[PDB]
Amino acid sequence: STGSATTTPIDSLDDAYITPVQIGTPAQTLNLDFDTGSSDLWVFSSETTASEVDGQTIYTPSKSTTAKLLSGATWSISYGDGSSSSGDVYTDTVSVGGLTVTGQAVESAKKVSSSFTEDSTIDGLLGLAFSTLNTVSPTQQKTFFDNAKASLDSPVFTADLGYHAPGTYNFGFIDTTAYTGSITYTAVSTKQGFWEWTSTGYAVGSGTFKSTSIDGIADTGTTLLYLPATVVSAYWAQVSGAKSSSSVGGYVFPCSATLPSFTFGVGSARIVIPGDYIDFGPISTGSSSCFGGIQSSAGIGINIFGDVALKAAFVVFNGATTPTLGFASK
């Protein structure tokens, strides 16, 4: 089997992407944030504290004839931006882009933090990291991909995120029309539960390539590109007036700037992030200070190839017995 679904930016900045997901019988369609940096499929639901719901579409398990309470199971998760959610668990039928999994753990939120409430466009998350990170207790649950894998034509999914435009998540096949040139595959460590790999270096604008190993994770659920402070300083040094602002929480730059590209290495191959992808717009409405899309990972504890980087590529998440990651230009 295969599946194919369109993923759409939630706003004009590509702050996140939502993909429609069918849950239950009859189908309830929710727009979920597909997140290769976590491993829980959780949703706003009829059980979510009322004051914490503001415009999201909810899953109502009592209206699904295939929903069953997973007795005794609970979940609780915290994310890198300080947000969190928790609740109980149902199993139900879940379909993405025509690919159906029966008995998928659907984690129903009883509580969500303010940032989730405040974002009316995201109805929940669909985790696509390794199932070892799933938070359900006392019996850990598998991701949608893990459950689907054995049925797929090939044990893969691909992310093809758009810049200020829709893109595609495919399951079970590689669309050879969706990229240019060849796909370069690189080793993955699953030791931390992530799609963790090592980039071979970087270049700023038309500058020379610096060969250096940068360990990080391919994370569709993170907006920006978080890299070592040395790398990030080298980038922003090429933008007149750019500086790190502790009050804003990262590098800012004059909105009048033209940003240089940023290149990262995948083996002997190179992915070029155009400068415009690195502009996240005014820090507050009407400001002429703009927020940068490349930020320091110092104090995160891990480098993160978030959407800024991934949207410049066609990315293969290869879930074969020994997982790997593939990157192509597009």
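Going by the PDB entry, the protein carries the name endothiapepsin and comes from Cryphonectria parasitica. Listed as the entry title in the PDB record is "Automated refinement of diffraction data obtained from an endothiapepsin crystal treated with fragment 285". Here the protein is described in UniProt, under the heading Sequence similarities, as follows: "Belongs to the peptidase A1 family."

Asker: Please explain unusual backbone geometry as it appears in this structure.
Answerer: As a rule of thumb, non-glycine residues mostly have phi less than zero, and peptide bonds are mostly trans rather than cis. Across the junction of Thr25 and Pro26, the peptide omega takes the value -5 degrees, indicating a cis bond. Turning to its location among the elements, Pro26 is positioned in the loop between β2 (17-23) and β3 (28-35). Between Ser137 and the following residue, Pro138, the backbone shows a cis peptide bond with an omega angle of 5 degrees. Note that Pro138 resides in the loop between β8 (124-127) and α2 (144-148). One non-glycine residue, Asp14, adopts positive backbone phi at about 60 degrees. By the element assignment, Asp14 lies in the loop between β1 (3-9) and β2. Residue classification places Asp14 among the buried positions, given a relative accessible area of 0%. A positive phi angle is found at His164, which is not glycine, with a value near 50 degrees. Considering the arrangement of structural elements, one finds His164 in the loop between β9 (156-160) and β10 (167-171).

Asker: Help me understand the side chain of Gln28 in this model?
Answerer: Tracing the backbone shows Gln28 in strand β3. Taking relative accessible area as the criterion, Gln28 reaches 13% and is therefore assigned buried. Here the side chain of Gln28 touches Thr60 through a polar contact of 2.9 Å, landing on its backbone nitrogen. Non-local contacts of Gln28, meaning those with residues more than four positions away in its chain, are made with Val21, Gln22, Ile23, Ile58, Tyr59, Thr60, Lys63 and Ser64.

Asker: Just to check I follow, could you spell out the UniProt feature "active site" in the protein for this structure?
Answerer: The positions that UniProt labels "active site" are, in the present scheme, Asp35 and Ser199. Mapped onto the elements of the fold, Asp35 is located in strand β3. Using a relative accessible area of 5% as the deciding quantity, one classes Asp35 as buried. When sequence neighbours within four positions are dropped, the list of residues in contact with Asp35 reads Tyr79, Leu125, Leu126, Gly127, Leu128, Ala129, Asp219, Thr220 and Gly221. Of note is the side chain of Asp35, whose polar atom sits 2.6 Å from the side chain of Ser38. Beyond its immediate sequence surroundings of up to four residues, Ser199 is in contact with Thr212, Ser213, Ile214, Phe264, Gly265 and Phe305.

Asker: Would you take a moment to explain the environment of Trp236 for this structure?
Answerer: Tracing the backbone shows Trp236 in helix α3 (residues 229-236). Linking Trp236 and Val204, residues 32 residues apart in sequence, is a C-alpha distance of 9.1 Å. Polar side-chain contacts of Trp236 include one of 2.9 Å to the backbone oxygen of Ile294.

About the cut-offs
- Residues numbered from 1 in each chain as written, not as in the entry; some residues may be left out.
- Heavy atoms only, no water.
- Residues with missing side-chain atoms left out of burial classes, pairs and counts.
- UniProt positions renumbered as here; feature names shortened; annotations may be inferred.
- Helix = DSSP H or I, 4+ residues; strand = E, 2+ residues; numbered from the N terminus.
- Buried < 20%, exposed > 50% of the residue type's maximum accessible area, 1.4 Å probe, protein only.
- Polar contact = N/O pair within 3.5 Å; in protein donor to acceptor, adjacent residues only side chain to side chain.
- Contact = heavy atoms within 4.5 Å.

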